[PDB]
Structures are given as structure tokens and as C-alpha cells.
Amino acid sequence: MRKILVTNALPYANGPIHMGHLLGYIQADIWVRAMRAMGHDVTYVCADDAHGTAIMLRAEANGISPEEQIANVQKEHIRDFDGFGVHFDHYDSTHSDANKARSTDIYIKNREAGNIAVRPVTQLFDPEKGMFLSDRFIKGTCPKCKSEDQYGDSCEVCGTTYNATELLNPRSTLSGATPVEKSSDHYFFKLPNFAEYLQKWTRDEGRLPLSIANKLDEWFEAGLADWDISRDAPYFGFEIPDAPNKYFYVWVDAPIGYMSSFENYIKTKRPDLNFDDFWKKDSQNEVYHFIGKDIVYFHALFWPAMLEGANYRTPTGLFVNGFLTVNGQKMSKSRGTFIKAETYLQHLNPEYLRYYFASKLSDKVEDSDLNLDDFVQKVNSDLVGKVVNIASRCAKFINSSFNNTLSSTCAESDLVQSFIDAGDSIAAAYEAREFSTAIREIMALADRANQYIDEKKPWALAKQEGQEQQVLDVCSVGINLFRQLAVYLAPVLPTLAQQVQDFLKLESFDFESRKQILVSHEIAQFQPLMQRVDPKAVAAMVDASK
């Protein structure tokens, strides 16, 4: 009865999608597809994160306006997401008019509720560029440990936090020039007004993964502070109402893009839904954000406080994932492991990576390692050599000898029913984001199917007097077992699933449809459904990434 709204983190419009970021997008897409295959009403949206100084820097580097820069990168991101089967219902932009309006609405409601303060602050200013400098565009000497080259917010060597004005001998990263100190009025969101609210919110059952417990404990012990939400002109972003020449910091309007992408989606595709159905405080529907562990603070503290302050509902849960390593090391251009999503697609089948990720993904916030030799072996053994070969080895006889038509009865009803009944556990694993468990359970079923075929030996039956019906019965069971496997893998391998729908002539492929055992059922001529992963193609991708 409850409908679900799901998002992925919004990528910045300042560069391409890389293979490491695909982990969370593929995780979310698998979940959405599996939940839909189980009959849930799931809406799935994303958008480009379009604002901020970093995006202005890229635009100028590329000789174009910010508006043309974000238009270019949005098309690139959509291209890459689509290439990996990450299919959103809608892909928008934080620059949209819908997001401008909702940003103003949330700000003004918070301002009138008492959650906004304005005050003059001392800020570093680049005199060459005529720009006030935010913390990530200032470097200097940490006042505590005296280490060079630290940004304006905190030191990586000793961990001290500070205002950028406490750095010794600072520099602007925009020009290298020495900044000067000036005054600028800044707008602050009064996050401390929500300390007790968030201490309860972050600990509600299902809101956050259990591992984030200690990380939040640190955060609440350290104490919440007013959040600086304004940026001075020049800034590519939304102007703050009644604050001339002041803009919302990109992170204010970025999560609002979740609302606005959804809002623009339902305006064309779900006339049965309205915005309040998901975002009014009395909503009975669910909202989930898939996000990396590096942005949990924005999503677990800033975001629900801003929503609560504006009388909107808050996310039901944050699904948090770790990072991807490659061959047991951080991804580097020098090792050719900082791989653009576009480069992978120029050399390899995307469903290789969907499967490999699924076989390792769990509900835990952990880093996943992509060992490239293991990637080749795992995908080839599991999919090409085991799962797809079950169809091949059974279809061989049905296509060649039995007019492409499965037997009129199921000769192993209990065995097939046992594969059907295993769907309940597989569905529960997908829903719990325990993808590695779902894959293991499916592969255990594939082993049982090969065990059955090996026991019956259709190749021997085809060479024995009078066993024609038994060859057909056995191969028909094998195809039915394969069909169950492909239904269960469909959230992970949607293209393979479409191909199996064509091969088995099946219009429906959701979980309910699997209860229909195929009998007297014409199938198409079998053709290979997946090529093996070629190690040279993997190496060509690595070499193209150096």
C-alpha cells in the first residue's frame, strides 16, 4: 500500500561519471528494479548538481557559460547512466525553475520560523579575482600543527577544525595571490535549534545503518553549529530572497533537487500522484536516499533539519555505501584505475559490472574491491559458464529435435516448485539490500539445476532407444529451472532478462509471473546471451585510462 520514492546522490556537473561512483547508482537501480518486480510502486529520480564555484571554474576552463556547461554534462551523465542500465524515471537539474521555487519556499519558511540569522563575518577575499573565498578555495598553514597546504575548514594532518582566517600565510587557489580580509554579511541556518530533534531522528529504527552510530555520536558530542548557507557574487546559483548579491551555497539547494526532480516527474507521468503525497508531513509514503558515506552529514543533519523547519516530511531512511577500490588500492590515473564510465562502456559489457557489484554488495557500509582478475573469473564462471549454459545445454535438444516446444507436462513439479519457493528468500534479500546473499542463493539454485541435468544425462538419453519423451521432459525441466534463475537475476541483469524474455517468449517477467510453469510452450532458437569477459578488453580499458 505504501508507495516509495528513491533517489541517488546528485553528481556535480563538473566532470564525468567514474567507475567508483557507479557502485551506488547500480546498487540503487538493482533495488528499484527488484522492488518493482515484487509489486511495489517505486518512483526513482536523480538530477545533476549544477551550482557552485567549482562548476564556474569548469565552464571557464571549457570556454563556455555555466548554463552550457551544465547542459553538456547532464547529457553526458544521462548517457553513461543509461549505458549501465541505471534507468531513472526522471533526470532533472538543481538549476531548474522547480528547484529555484522550492529553494525559496524552504528558505522563507525557515526564515519566518526563526531558523535564519544574518551577521557580518570576516572573510578572505581574492583581490586579483575580486571574489570572496570559501574554505575549499583557500590553502594555508594549520595553526595547530603548522602543516602546509591545508584547506580553510580543517587540517588533514592533525584533524583540527578552524575558520579559514586562522590559517597562517593563506593563499587563494583561484589565483595563488595572497588573500585579504574583508567583511561580508552571511546568512546562517540555525542547525543547533534541531539538536534534540536530530538526536532522536538519526536513531529512529531503520533511519541509518547501525555502523553510523559511532560517527553520529562523535558528531553530536562535537556539538552542532550554525551553518553558513550564503555565498557572495559572483556565484552560479540561486539568489537568496531579500538578500541582493547573495546566493544559496550549492549544498542548500542540492538535496532540494530530490524534491524538484520528483515534482517535475509527476507533472507528466503520474497524474494519480501529487507532491504532497510524498512531501507533506502527514505522508504515509516512503522516501529513501542512496548516498555515499562522504555525504552522510548533509543528509542526516542539514537536510532533515531544513525540511522539519519548513514543515515538510523527512526521509524514511538513508542507504549508505562505501567506496570502490581497484586491485586493492585507491583509484588512480597513474595505475589506470580511475576509469570513466564512458571508457568502461567502450570496452566491456556493463552487466559484467552490475553482476560483480551485486555479488559483493550488502547492507553494511563497507568498501568494495574490484579485483580485475577476479572480475573476469567470477563473471565468466557464474554467468557464461554456469547460468547461461543451463539454457544452452537444454535448448540444444528442444530446438533441434522437438520443434522448439517444451513438454506438455512438467516432469519434475516438486523440483521446479522448490525453485519457485526459493523466490521468497531471494526477494527478501533484494529488499534488505543483501545483494551478495541473493546472488549466492541464485547460484546455489544454478548448481542444483546443473546437478539435475547431470543426473538425467539428456545427451545419453538422446542416444538410447525410445527415450525421446524423456529427453524432452528433462530439457523442459532444465529450461523451467533456467527461467526461474533469469527472473531472479533480472534486477541485476536487465538486458539479459529482456533477451531471456525474447528467447522464452514471455511477456511477463516479474516475480509473480514465475509461478506459471512453462508447458506446451514454444521457445525461440537459442543464441548466446553473453560473451565472456575478455582480459584484453579489461586491459584496453585500463590502458585507455592512464
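Residue positions are given as counts along the sequence shown, with the first one as 1.
Visitor: Can you tell me whether 303-311 has a higher mean C-alpha B factor than 236-244 in this record, or the other way round?
Guide: 236-244 has the higher mean C-alpha B-factor.
Visitor: Mean C-alpha B-factor higher for 206-214, or for 263-271?
Guide: Result: 206-214.
Visitor: Whose CA atom has the top B-factor in the entry, of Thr94, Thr337, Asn115, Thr173?
Guide: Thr337 has the highest C-alpha B-factor of those listed.
Visitor: Between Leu318, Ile256, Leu472, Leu324, where does the Cα B-factor run highest in the record?
Guide: When the deposited C-alpha B-factors of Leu318, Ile256, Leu472, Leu324 are compared, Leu324 is largest.
Visitor: Can you tell me which third, lowest, middle or highest, the CA B-factor of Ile523 falls into for its chain?
Guide: Answer is middle: the recorded C-alpha B-factor places it there.
Visitor: State the tercile, meaning the lowest, middle or highest third, of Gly140 with respect to the CA B-factors recorded for its chain.
Guide: Middle third - that is where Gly140 ends up once the chain's C-alpha B-factors are sorted.
Visitor: C-alpha B factor of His289, ranked within the chain: lowest, middle or highest third?
Guide: As the PDB entry reports it, the C-alpha B-factor of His289 lands in the lowest third of its chain.
Visitor: Among the modelled residues of its chain, does the C-alpha B-factor of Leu372 lie in the lowest, middle or highest third?
Guide: Highest third, going by the recorded CA B-factors of the chain.
Visitor: Going by the CA temperature factor in the PDB record, which third of the chain does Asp41 belong to: lowest, middle or highest?
Guide: CA B-factor rank for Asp41: lowest third.
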